[PDB]
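Each of the two blocks below gives one form of the same protein chain as structure tokens; they are labelled structure 1 and structure 2.
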Structure 1
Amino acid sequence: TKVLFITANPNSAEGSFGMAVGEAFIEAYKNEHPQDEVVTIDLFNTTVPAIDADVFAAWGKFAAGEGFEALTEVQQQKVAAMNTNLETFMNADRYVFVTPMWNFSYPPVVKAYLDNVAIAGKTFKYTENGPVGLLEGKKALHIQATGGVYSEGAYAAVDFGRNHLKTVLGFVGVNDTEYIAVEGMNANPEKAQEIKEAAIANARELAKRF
């Protein structure tokens, strides 16, 4: 069983609630499954090429029957890095996302990463009725840290980071998805110590059954 620990939190001075819950999960999981391989993909220190003019130019050449050698050096580096992210994602059995909420969504790279892992012929295929996912036997956890409370109630409609990630996962075939919110620390800093520990305990219990 291969697990991808995919994180999108910059290594700043302040610390990270999401990272603390994520590391607690991964350590608890590794204790339960000493034989499973865990791979850390840090999105702030991984090449995650955005779909741009070069990527469209590479795609236009593939459509025109030309190969990889017809691409420029920059184009070659871009699609090789895209394919390596894609292959890694396809090869894993389990995905664990760790994300902060910025501006009611996730950091930009998370979108860049999803645009890398959602590829025709690889994670979805076209049908008469539109694209359908190809992935089977997958399972995913999303750990999101938020300043306010969005897990339940009215504000759930504006938790765009969570809701989009679940949709893309669902699109490619991964609809067995767990969710752990580390929420309300900026709303109630007085109980941020207890919110973190409650989420850590919730993570350690899930690792025993993930």
Structure 2
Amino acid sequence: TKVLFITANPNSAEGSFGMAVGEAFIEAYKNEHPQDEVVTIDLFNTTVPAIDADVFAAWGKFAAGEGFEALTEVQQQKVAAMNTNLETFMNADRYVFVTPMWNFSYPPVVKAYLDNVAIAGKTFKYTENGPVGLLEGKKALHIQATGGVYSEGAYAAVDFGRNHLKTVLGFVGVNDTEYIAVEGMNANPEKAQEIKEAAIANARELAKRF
């Protein structure tokens, strides 16, 4: 089994609630499955090209059935990085995403990564009734840390990071998703440590059945 541990937090497990929880998850997981390969993708230190005029131009050459040498140097560099990211995603069996909630959503590089990974003909295809995913046999976990509480109730409707990430994963075929919220630390700073510990314990149990 190949696992991607995809993190989008500028802070380490020492200074981030999500990363402490994701770290506890991924280490309990390796312990349970010492023969599994686990690759960390730190999105703040990975090249994750934004879809821009260069990518659109590169795509036009490929659609025009042209080769890689028709691209400029920067287009080449952009496409080769997008290709790597796509190919690593497609080949792994399990995905762990760790995000903080910023302004009701995830950090911008998460959308940039999703844009690398959701590709027609590769991870989804067009159907008589509309798009369907191509990826089969995958499972995903989203661990999200949030100042307030959005995991259930009325505030769930503004949890855009979680809701959008789950939608795109389902769109590419990854309908088997798990969710861990590390929530309420800013609404109750007195309970932050126990909130963290409870989610850590939640993650370590999840590791035994993921």
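Here, residue number means position along structure 1's sequence, counting from 1. Rigid core here is just the name for the largest C-alpha set that superposes within 1.5 Å across the two forms.
- Taking 2 Å as the criterion, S12 counts as shifted between structures 1 and 2: its C-alpha moves by at least this amount when the rigid core is aligned.
- With the core held fixed between structures 1 and 2, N129 has its Cα displaced by at least 2 Å.
- Here the two forms are laid over each other by their core, and the C-alpha of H33 is off by 0.2 Å between structures 1 and 2.
- Once the core of the two forms is superposed, the Cα of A64 has moved 1.3 Å between structures 1 and 2.
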